[PDB]
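Chemist:
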Amino acid sequence: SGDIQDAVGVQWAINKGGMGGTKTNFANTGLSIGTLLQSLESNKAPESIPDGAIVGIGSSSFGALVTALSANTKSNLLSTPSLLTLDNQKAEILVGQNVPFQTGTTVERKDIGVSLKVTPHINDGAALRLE
Amino acid sequence: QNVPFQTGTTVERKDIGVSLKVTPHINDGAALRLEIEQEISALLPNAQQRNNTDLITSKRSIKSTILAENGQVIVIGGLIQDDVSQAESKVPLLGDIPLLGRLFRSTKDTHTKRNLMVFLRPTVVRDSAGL
Amino acid sequence: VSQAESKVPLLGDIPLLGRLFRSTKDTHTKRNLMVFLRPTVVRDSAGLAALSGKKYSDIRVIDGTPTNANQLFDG
Amino acid sequence: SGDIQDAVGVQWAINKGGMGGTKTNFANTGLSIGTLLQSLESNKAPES
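Residue numbers (the authors' numbering), protein chains in the order written: chain A, 337 to 440, 454 to 480; chain B, 433 to 440, 454 to 576; chain C, 529 to 593, 604 to 613; chain D, 337 to 384.
#1: Does any residue of chain B bring its CB to less than 9 Å from the CB of residue 338 (chain D)?
#2: Report the option in A:337, A:423, A:371, A:466 whose CA atom is closest to the CA atom of residue 473 (chain A).
#3: With a floor of 4 residues, list each alpha helix (DSSP H) that falls wholly inside the region 487-512 of chain B, ordered by position along the chain.
#4: Residue 564 (chain B) to residue 587 (chain C), Cα distance in whole Å?
#5: Using a threshold of 9 Å, state whether the C-beta atoms of residue 534 (chain C) and residue 362 (chain A) are closer than that.
#6: Can you check DSSP and say which residues form a bridge with residue 552 (chain C)?
#7: What residue from A:459, A:456, A:391 has the CA that sits closest to residue 365 (chain A)'s CA?
#8: Quick one: using the 10 Å Cβ neighbour count with 16 as the cut-off for buried, is residue 566 (chain C) buried or exposed?
#9: How about residue 474 (chain B): is its C-beta nearer than 9 Å to some C-beta of chain C?
#10: Closest Cβ-Cβ distance between residue 400 (chain A) and chain B: below 9 Å?
#11: Taking 9 Å as the threshold (beta carbon to beta carbon), is residue 391 (chain A) in contact with chain D?
#12: Going by DSSP, name the residue or residues bridged to residue 429 (chain A).
#13: Which full runs of the alpha helix (DSSP H) of 4+ residues lie inside the region 372-438 of chain A, going along the chain?
#14: Please name the residue, chosen from D:338, D:380, D:342, D:355, that lies closest to residue 371 (chain A) on a Cα-to-Cα basis.
#15: Below 8 Å, how does it come out for the region 396-412 of chain A and the region 341-356 of chain A: are there three or more Cβ pairs, yes or no?
#16: Quick one: using the 10 Å Cβ neighbour count with 16 as the cut-off for buried, is residue 438 (chain A) buried or exposed?
#17: Between the region 478-492 of chain B and the region 505-517 of chain B, do three or more beta carbon pairs fall short of 8 Å?
#18: Where does residue 559 (chain B) sit, in a helix, a strand or coil, going by DSSP?
#19: Determine the direct distance from the alpha carbon of residue 500 (chain B) to that of residue 494 (chain B), and round the result to whole angstroms.
#20: Determine the closest residue to residue 504 (chain B) out of B:487, B:544, B:574, with distance taken between C-alpha atoms.
#21: So, is residue 458 (chain B) buried or exposed, given that buried needs 16 or more other C-beta atoms within 10 angstroms?
#22: Is it true that the region 409-424 of chain A meets the region 459-473 of chain A, where meeting means three or more beta-carbon pairs spaced less than 8 Å apart?
#23: Could you tell me the distance, in whole angstroms, from the CA atom of residue 491 (chain B) to the CA atom of residue 502 (chain B)?
#24: Which word fits residue 433 (chain B), buried or exposed, when buried means at least 16 other C-beta atoms lie within 10 angstroms of its C-beta?
#25: Using a Cβ-Cβ distance cut-off of 9 Å, determine whether residue 360 (chain D) contacts chain B.
#26: Rounded to whole angstroms, what is the Cα-Cα separation between residue 360 (chain D) and residue 379 (chain A)?
#27: Whose C-beta lies closer than 7 Å to the C-beta of residue 485 (chain B) among residues of the same chain, with five residues either side of it excluded?
#28: Taking a Cβ distance cut-off of 7 Å, strictly less, list which residues of the region 340-358 of chain D are near chain B, in chain order.
#29: Exposed or buried, which one is residue 454 (chain A) when buried takes at least 16 other CB atoms within 10 Å?
#30: What does residue 437 (chain B) touch in chain A if you count any residue whose Cβ is under 8 Å from its own?
#31: Can you give me the start and stop residues for the beta strand (DSSP E) that residue 479 (chain B) sits inside?
#32: Would you call the region 517-534 of chain B and the region 409-417 of chain A in contact, with 3 or more CB pairs under 8 Å?
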């Protein structure tokens, strides 16, 4: 398995005069300019809620926030159960936990983990059948 | 141990620990038949959810039917589970440079092996001398 | 493969400063999966002994990798 | 059985001027720079 994100955004906070402020709020990647001007009041009392690799170039009102992240996860699983059996004999291997689950509260036990159930049928020679 | 488990509260008793249930079928000579139901349970204090005892009631549970020879150490079952996983998180321009790439990224690696064999050994005694 | 954008509709289009206005989010994802099977027919105890000896040596070598020297049994 | 983790991360907190602060928050391995600048206020009262 594998996946790769790539999140990157430039935000502009030119509050040059007037009621308003020509801020380019992009509520896409984590932080935003609206919560940044509320984060001014966070820097007053609480100083709360960061997200992402942030870079803030500002003259403290004339702002520009660049937010970026790049997750990159890989994974590689392998499993090899193996058992001996006769024909027409339901073998089984079960490895790993046994958990409850609600059917209401009227819970019930149920097995979780690697598992295998073979049933062969064996000719006198080649070409076995497996279920 | 012997533990309770909820079936609702309408709890019930249930056995936890190493266990073995054999049923043979014996020819006058070699090549005995065995109906094995072997298991190894456990009980888990670590990973507890918002619910009851996460009873590992099977950790191995091989319920097979084999046909063995009276002095032969044989193999009934197995599991070979290999794993390797790795996540990263970096600034997308600076982690790539293979001179300072350690100084920006954040890695998490996880390798995991579980090897497991279940062997069996039958010995036929019919006179009291061998017993 | 998935990719979302969010831009000012006039300024993100210009392929010189288009990075300085948009906001992108890309997501690539692969999952490869195979399930293989291997049957071996044994009908005499000789081949069963051979399989048992191979698996027992292959677990002895895992014992061969404190964590002091592990033990054989009455084979 | 056996397993081995390996977790390692470098975090940069260059707050050179301006509203903001060019901190590289990686919420991957335990602590982070955001909870470190809140840990300044922890070092004030709780130290948690």
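All C-beta atoms, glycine included, are put in the ideal place defined by N, C-alpha and C.
Modeler: Short version:
#1: yes
#2: A:423
#3: none
#4: 12 Å
#5: A contact, by the Cβ cut-off of 9 Å.
#6: A:344, C:533
#7: A:391
#8: exposed
#9: no
#10: no
#11: yes
#12: A:465
#13: none
#14: D:355
#15: Taking one beta carbon from each stretch, the region 396-412 of chain A and the region 341-356 of chain A have 3 or more pairs nearer than 8 Å; the two touch.
#16: Exposed, since its Cβ has fewer than 16 Cβ neighbours within 10 Å.
#17: Short answer: they touch.
#18: strand
#19: 12 Å
#20: B:487
#21: Residue environment for residue 458 (chain B): exposed (fewer than 16 other C-beta atoms within 10 angstroms of its C-beta).
#22: yes
#23: Distance from the CA of residue 491 (chain B) to the CA of residue 502 (chain B), rounded to the nearest whole angstrom, comes to 15 Å.
#24: exposed
#25: yes
#26: Note on geometry: alpha-carbon atoms of residue 360 (chain D) and residue 379 (chain A) lie some 18 Å from one another.
#27: 463, 504, 505
#28: For the region 340-358 of chain D, which is checked against every Cβ of chain B, the residues closer than 7 Å are 340, 341, 342, 343, 344, 345, 346.
#29: Sixteen is the threshold: since fewer than 16 other Cβ atoms of the shown chains lie within 10 Å of the Cβ of residue 454 (chain A), the residue is exposed.
#30: 436, 458
#31: 477-485
#32: Flag = yes, the region 517-534 of chain B and the region 409-417 of chain A touch.
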